[PDB]
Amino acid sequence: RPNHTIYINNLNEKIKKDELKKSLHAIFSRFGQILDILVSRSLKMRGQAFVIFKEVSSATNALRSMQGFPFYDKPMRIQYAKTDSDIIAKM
């Protein structure tokens, strides 16, 4: 169940990619070092974000701390990622 990556759902789609990453970064750095923040404004990936943490305990901490946090008008819907990939476990 737990993961290095957290899947943030239900984001304000009107925000630019530039600012969205920057804001999420300013929000989620409180919990540990972030490897990357993936954000895409494609039809399939709109209103979604992946924060990849250095540590899983950091991810668990951020999820449990900021569930339903009012963020650009809307509460974030955080849940662990299904699979991590990137540069986590070999791939």
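Superpose the two forms; the largest set of C-alphas matching within 1.5 Å is the rigid core. Don't overthink the numbering: it's just position in the shown sequence, from 1.
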| item | value |
| --- | --- |
| Stretch with larger C-alpha RMS deviation in 6 other deposited structures of this protein, core superposed, 13 to 21 versus 77 to 85 | 77 to 85 |
| Mean C-alpha temperature factor, higher of 1 to 9 and 82 to 90 | 82 to 90 |
| Higher-B stretch (mean Cα B-factor, as the entry records it), 44 to 52 or 58 to 66 | 58 to 66 |
| CA B-factor ranking of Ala26, expressed as a third of its chain | highest |
